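Engineer: Got a structure for you, questions after.
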Amino acid sequence: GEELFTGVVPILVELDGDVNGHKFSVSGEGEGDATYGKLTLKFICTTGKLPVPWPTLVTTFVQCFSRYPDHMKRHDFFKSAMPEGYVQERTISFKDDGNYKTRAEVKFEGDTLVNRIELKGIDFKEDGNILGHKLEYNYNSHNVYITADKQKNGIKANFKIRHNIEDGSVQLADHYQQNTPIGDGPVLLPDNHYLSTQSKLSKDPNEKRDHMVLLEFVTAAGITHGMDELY
Ligand SMILES: *N[C@@H](CCCCO)C(=O)O
């Protein structure tokens, strides 16, 4: 599977969502270059205005594009599941507000890596930071710890995303994530490690539709003692 990621790979993201009486769809396109852990993606809301803030969907919108160091190649579950792919399921709980439930399948369709997502939003406050669009349009860097779930033949992660709010506070979005292979081909089940992520959000000055431009870099890390010994 890792052979499929040696070059630049086109990406398609499709999300079907339902939150607070609003059905919405998002399509995203761009490319990933796993050699540098680099993602360049532009998302468009094709149904009108997005009924939740763009930053709340960044994690939902392809960790197979993470840069795994040579010394950590045996820990890359995500690429090992390719091309048949993996299911990624999350609960995202917004502190003192509602939650997202997401299920995605990530797999190749020919040369294109496709992330197809179903999202449901539950129990949000009409006046809250999410439905009230009170999040700043920016994004923090996070370290996501990955552990094996070997009886389920996959991996899991839980992590809290920090969203800056326009009132100067920071609202946490608590993520619980599980990934399972779609195919029956053996996958790599990793030792504990983490993914170091950084994301920049911007706008296309020629785009009339509601949209988000995302530039993201992800690097696997945390396995250091063996390499440190060399020096
Ligand atoms: N590279 C050092 C050893 C690192 C000490 C911790 O492993 C050296 O060559 O002396």
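Sequential numbering from -7 applies to the sequence shown in my numbering.
Even for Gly, the Cβ is constructed at its ideal location relative to N, Cα and C.
Would you say the segment 193 to 208 touches the segment 26 to 37, given that touching needs at least three Cβ pairs under 8 Å?
Structural biologist: Counting Cβ pairs under 8 Å, three or more are found: they touch.
Engineer: Between the Cα of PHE53 and the Cα atoms of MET64, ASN156 and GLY24, which residue gives the shortest distance?
Structural biologist: In the sequence shown, the residue the question calls residue 53 occupies position 61. Ranking the options by Cα distance to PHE53, first place goes to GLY24.
Engineer: What do you get for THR48, buried or exposed, if any count of 16 or more other CB atoms within 10 angstroms of its CB means buried?
Structural biologist: Along the sequence shown, one-based indexing puts residue 48 at 56. By the neighbour-count rule (16 or more Cβ atoms within 10 Å), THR48 is buried.
Engineer: In three-state DSSP terms, what is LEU207?
Structural biologist: Taking the sequence shown and counting its residues from 1, the one referred to as residue 207 is at position 215. In this structure, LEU207 counts as strand in the three-state DSSP scheme.
Engineer: Is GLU221 close to ligand 1? I mean its beta-carbon at under 7 Å from any heavy atom of the ligand.
Structural biologist: Translated into positions along the sequence shown, residue 221 becomes position 229. Under cutoff, so the answer is yes.
Engineer: May I have the straight-line CA-CA distance separating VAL44 from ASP103, to the nearest angstrom?
Structural biologist: Start at 1 with the first residue of the sequence shown, and residue 44 comes out as number 52. Start at 1 with the first residue of the sequence shown, and residue 103 comes out as number 111. Approximately 31 Å between the Cα atoms of the pair.
Engineer: Within 10 angstroms of its Cβ, does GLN143 collect 16 or more other Cβ (buried), or is it exposed?
Structural biologist: One-based indexing of the sequence shown puts residue 143 at position 151. Classification of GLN143: exposed, given that the 10 Å Cβ count is below 16.
Engineer: If you follow the beta strand (DSSP E) that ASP166 is in, where does it begin and where does it stop?
Structural biologist: Locating residue 166 in the sequence shown gives position 174, where the first residue counts as 1. Note, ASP166: beta strand (DSSP E), 162 to 173.
Engineer: On the DSSP bridge list, what partners appear for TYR186?
Structural biologist: Within the sequence shown, numbered from 1, the residue matching residue 186 stands at position 194. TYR186 is bridged to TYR137 and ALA213.
Engineer: Is it a yes or a no for the segment 71 to 82 touching the segment 167 to 180, going by three-plus beta-carbon pairs under 8 Å?
Structural biologist: The segment 71 to 82, when compared against the segment 167 to 180, does touch it at the 8 Å Cβ threshold.
Engineer: Can you tell me which of the three DSSP states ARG201 falls into?
Structural biologist: For the purposes of this step, residue 201 is taken as the residue at position 209 of the sequence shown. If DSSP states are grouped into helix, strand and coil, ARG201 belongs with coil.
Engineer: Taking the straight line between their C-alpha atoms, what separation do you get for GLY113 and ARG95?
Structural biologist: Mapped onto the sequence shown, residue 113 falls at position 121. Mapped onto the sequence shown, residue 95 falls at position 103. The alpha-carbon atoms of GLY113 and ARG95 are separated by roughly 12 Å.
Engineer: DSSP three-state call for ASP8: helix, strand or coil?
Structural biologist: Sequence index remark: in the sequence shown, residue 8 carries index 16 (1-based). Here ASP8 sits in strand by DSSP.
Engineer: Quick one: what does DSSP say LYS195 is sitting in, helix, strand or coil?
Structural biologist: Taking the sequence shown and counting its residues from 1, the one referred to as residue 195 is at position 203. Looking at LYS195 - three-state DSSP - the assignment turns out to be coil, as it is neither helix nor strand.
Engineer: For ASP141 versus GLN169, is the C-beta spacing smaller than 8 Å?
Structural biologist: In the sequence shown, the residue the question calls residue 141 occupies position 149. In the sequence shown, the residue the question calls residue 169 occupies position 177. Contact flag unset, no.
Engineer: In the structure shown, what three-state DSSP assignment does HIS67 receive?
Structural biologist: As a first step, residue 67 must be located in the sequence shown, where it is residue number 75. It is helical.
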